[PDB]
Amino acid sequence: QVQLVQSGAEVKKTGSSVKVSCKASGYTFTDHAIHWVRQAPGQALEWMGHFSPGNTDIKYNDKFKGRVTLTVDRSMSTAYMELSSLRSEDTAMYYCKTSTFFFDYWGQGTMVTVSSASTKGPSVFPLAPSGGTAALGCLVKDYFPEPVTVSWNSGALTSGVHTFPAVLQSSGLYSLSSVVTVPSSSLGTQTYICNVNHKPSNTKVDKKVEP
Amino acid sequence: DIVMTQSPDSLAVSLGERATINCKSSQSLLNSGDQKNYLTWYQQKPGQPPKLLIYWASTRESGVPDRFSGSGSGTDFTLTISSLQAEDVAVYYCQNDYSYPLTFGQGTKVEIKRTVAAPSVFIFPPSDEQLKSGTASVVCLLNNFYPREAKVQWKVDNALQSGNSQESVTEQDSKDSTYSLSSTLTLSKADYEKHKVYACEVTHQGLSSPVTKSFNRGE
């Protein structure tokens with residue numbers, strides 16, 4: 001089974017550097033070039049360069065040449081992408097992948113967030129219930145970095161749940177709401193608890209939302 | 001550098017109907033040595049890496065069904081998806097594989113077109129817990145509507161707000177092809193406690209009249 005496993009998400013301040021790794025397995029490392037492709041939030045794919053491990057052919061997009069360095073550790077079947085003098089434009093998902101179009105395998109992506117924000121778990125506030133349908137929810141405010149996960153009633157409630165994509169606020173912290181619609185006749189009998197997990201800060205909040 | 005320009009930027013196609021996505025390159029991608037066009041198509045769903053669909057302009061990747069078809073030559077290429085399915089909702093990219101730097105088109109986002117569906121609107125005042133913090137968030141929810149275009153206006157004591165709200169929209173629901181949207185108005189506690197009537201007014205193609213949901217602070 002061919003696998004490309006990338007290193008975890010990173011937060012860096014502007015001007016810093018980041019080095020992302022890409023561990024290849026399930027094939028002979030020197031059989032394919034490793035390409036690096038990134039994608040800023042909501043934007044198009046962008047090709048950064050490639051490293052061909054068998055013969056050390058390294059090619060860069062001039063947009064990144066001199067700020068990015070591609071290397072490999074052939075002994076560990078690992079490719080690296082180092083990006084220096086980080087800027088706001090560099091907040092993005094970074095992917096490694098094999099070959100051009102002859103061996104379609106991609107790593108799972110590494111999110112690099114360029115920010116001066118400190119890691120912070122969210123404040124969780126109720127969106128209380130005010131046609132037999134009632135809407136309720138949780139406002140998941142002021143956390144950093146991405147991502148958060150939200151479940152309802154420990155995963156027992158999934159129908160009608162909408163957990164919105166996060167927005168970045170002017171504070172540099174993210175915010176989102178998770179909402180669910182339920183029968184009004186259940187409001188007095190069924191407890192509704194949003195389970196908010198923010199793994200970067202190891203925070204877990206279970207907030208009961210009451211009418 | 002080869003510039004790759006896709007058209008349209010977004011496409012809404014009914015289930016079972018044909019989607020057509022065009023990709024134009026600023027230079028020919030036809031390789032004299034093998035007479036192949038080095039044009040590649042990828043499918044990318046949110047949160048996932050792209051997936052190879054077609055290469056050499058018209059050769060389908062193994063595992064890709066034959067309702068995906070690539071055509072064209074030189075500078076003008078087309079991806080046709082026949083009998084569109086919900087699992088085809090994605091952003092599609094063409095890529096220049098002819099000469100460095102390898103460059104991508106800007107993407108074409110495909111969604112399912114369905115009959116117009118009006119949003120169900122809900123408003124939520126800020127929680128007492130949040131108010132202790134000096135900032136107040138007021139949330140307006142537009143639930144399960146199509147198409148995605150919608151106008152959400154905040155009114156405070158009937159004054160139209162500007163600059164102090166942010167919107168978030170879901171991806172398309174795979175089973176019913178709808179969107180939901182949140183608009184969040186952020187005020188200082190001082191401003192929140194100064195004013196009384198909080199309203200969000202929603203305009204949408206499915207509504208013959210705009211829908212307003214409102215509350216009076218403290219009720």
Side-chain angles (χ1 to χ4, degrees), chain A residues 4-23 34-51 59-71 78-98 105-119 143-148 165-170 172-176 199-200, chain B residues 1 3-4 6 9 42-51 90-96 100-109 168 171:
Chain A
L4 297 169
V5 178
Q6 300 183 216
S7 49
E10 308 239 14
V11 172
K12 300 288 172 181
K13 296 189 164 39
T14 63
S16 203
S17 295
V18 65
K19 188 171 182 175
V20 177
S21 67
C22 170
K23 165 83 176 147
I34 292 289
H35 290 240
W36 291 89
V37 171
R38 69 173 200 185
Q39 184 168 51
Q43 303 309 303
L45 297 170
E46 181 164 56
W47 181 82
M48 296 191 63
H50 73 59
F51 197 119
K59 275 286 325 193
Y60 295 97
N61 187 331
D62 274 350
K63 180 176 171 169
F64 302 108
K65 191 192 153 187
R67 228 169 38 100
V68 69
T69 304
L70 300 184
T71 54
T78 299
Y80 304 92
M81 191 274 317
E82 185 165 21
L83 179 54
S84 66
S85 299
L86 284 165
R87 350 161 150 155
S88 200
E89 79 158 74
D90 299 324
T91 295
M93 187 94 74
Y94 291 78
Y95 295 98
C96 62
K97 49 137 351 212
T98 43
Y105 294 95
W106 296 67
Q108 82 275 23
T110 299
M111 172 66 70
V112 175
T113 305
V114 184
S115 171
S116 282
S118 298
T119 298
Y143 65 92
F144 180 88
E146 287 269 62
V148 285
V167 302
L168 182 61
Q169 299 163 119
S170 63
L173 307 176
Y174 295 90
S175 182
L176 61 84
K199 180 66 184 189
Chain B
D1 297 8
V3 178
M4 307 294 290
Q6 301 184 217
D9 286 306
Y42 287 91
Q43 179 193 67
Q44 195 190 19
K45 297 180 178 183
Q48 312 192 339
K51 184 239 172 313
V91 180
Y92 291 86
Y93 291 96
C94 58
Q95 193 206 302
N96 145 46
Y100 301 111
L102 308 181
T103 47
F104 289 93
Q106 81 277 16
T108 294
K109 189 173 290 189
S168 178
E171 300 291 336

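Within every chain, numbering begins at 1; the chains are lettered A, B, ... in the order of the sequence lines, protein sequences first and strands thereafter. Computation of the quantities below employed the complete heavy-atom set of this structure, encompassing side-chain atoms and omitting hydrogens, waters and symmetry-equivalent molecules.
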Supply the atom-to-atom distance [X] [atom1] to [Y] [atom2], rounded to the nearest 0.5 angstrom.
{"X": "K59(A)", "Y": "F51(A)", "atom1": "NZ", "atom2": "CZ", "value": "14.0 Å"}
{"X": "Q43(B)", "Y": "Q48(B)", "atom1": "CD", "atom2": "CD", "value": "8.5 Å"}
{"X": "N96(B)", "Y": "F104(B)", "atom1": "CG", "atom2": "CZ", "value": "9.5 Å"}
{"X": "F144(A)", "Y": "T119(A)", "atom1": "CZ", "atom2": "OG1", "value": "6.5 Å"}
{"X": "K19(A)", "Y": "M81(A)", "atom1": "NZ", "atom2": "CE", "value": "10.5 Å"}
{"X": "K97(A)", "Y": "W36(A)", "atom1": "NZ", "atom2": "CH2", "value": "13.0 Å"}

Looking at every heavy atom in both [X] and [Y], which two are closest together, and how far apart are they?
{"X": "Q6(A)", "Y": "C96(A)", "answer": "OE1-N, 3.1 Å"}
{"X": "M4(B)", "Y": "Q106(B)", "answer": "O-OE1, 3.9 Å"}
{"X": "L4(A)", "Y": "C22(A)", "answer": "CD2-SG, 4.0 Å"}
{"X": "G8(A)", "Y": "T110(A)", "answer": "O-CG2, 3.3 Å"}
{"X": "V11(A)", "Y": "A117(A)", "answer": "CG1-O, 4.5 Å"}
{"X": "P145(A)", "Y": "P200(A)", "answer": "CD-CB, 3.7 Å"}

- Task: Could you walk me through whether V37(A) and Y42(B) pass the side chain to side chain contact (heavy atoms under 4.5 Å, CB included) test, one step at a time?
- Result: CA-CA 13 Å; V37(A) 171; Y42(B) 287 91; over 6 Å; no
- Query: Any cation-pi pair here, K65(A) with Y60(A), using under 6.0 Å and within 45°?
  - Reply: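 No, cation not above the ring by the 6.0 Å, 45° rule.
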- Query: Hey, is the main chain of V167(A) close enough, under 3.5 Å, to the side chain of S175(A) for a donor-acceptor pair?
  - Reply: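 Side chain of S175(A) to backbone of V167(A): no pair is present.
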- Message: Using a 6.0 Å cut-off, check whether atom NZ of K45(B) has over 12 heavy atoms from anything other than its own residue.
- Response: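 Yes, NZ of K45(B) has more than 12 neighbouring heavy atoms, counting only those of other groups under 6.0 Å.
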- Task: Count the heavy atoms belonging to other residues, nucleotides or ligands that lie under 6.0 Å from NZ of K23(A), then report whether that count exceeds 12.
- Result: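 Above 12, so yes.
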Would you say [X] and [Y] make side-chain contact, with heavy atoms under 4.5 Å?
{"X": "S7(A)", "Y": "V20(A)", "value": "yes"}
{"X": "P101(B)", "Y": "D1(B)", "value": "yes"}
{"X": "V91(B)", "Y": "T108(B)", "value": "no"}
{"X": "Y94(A)", "Y": "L83(A)", "value": "yes"}

- Query: Could you walk me through whether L45(A) and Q39(A) pass the side chain to side chain contact (heavy atoms under 4.5 Å, CB included) check?
  - Reply: CA-CA 5 Å; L45(A) 297 170; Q39(A) 184 168 51; 3.7 Å; yes
- With sequence neighbours excluded, tell me which residues meet side chain to side chain donor-acceptor pair (under 3.5 Å) with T69(A).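 So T69(A) forms no side chain to side chain donor-acceptor pair (under 3.5 Å) with any residue.
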- Using 30° and 60° as the class limits, which term best fits the ring planes of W106(A) and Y95(A): parallel, tilted or perpendicular?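 Judged by the thresholds at 30° and 60°, the geometry between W106(A) and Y95(A) is perpendicular.
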- Query: Should the ring pair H35(A) and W47(A) be called parallel, tilted or perpendicular, given that the plane angle runs from 0 to 90° and is split at 30 and 60?
  - Reply: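 The rings of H35(A) and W47(A) sit tilted, inter-plane angle from 30° to 60°.
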- Task: Apply the salt bridge (charged side-chain N to carboxylate O under 4.0 Å, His left out) test between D90(A) and each candidate in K63(A), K13(A), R38(A); give the one that qualifies.
- Result: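 Among the candidates, only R38(A) passes.
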- Task: Show your reasoning for whether side chain to side chain contact (heavy atoms under 4.5 Å, CB included) applies to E146(A) and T113(A).
- Result: CA-CA 9 Å; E146(A) 287 269 62; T113(A) 305; 5.9 Å; no
- Message: One pair to check against side chain to side chain contact (heavy atoms under 4.5 Å, CB included): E82(A) and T71(A). What are the steps and the verdict?
- Response: CA-CA 8 Å; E82(A) 185 165 21; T71(A) 54; over 6 Å; no
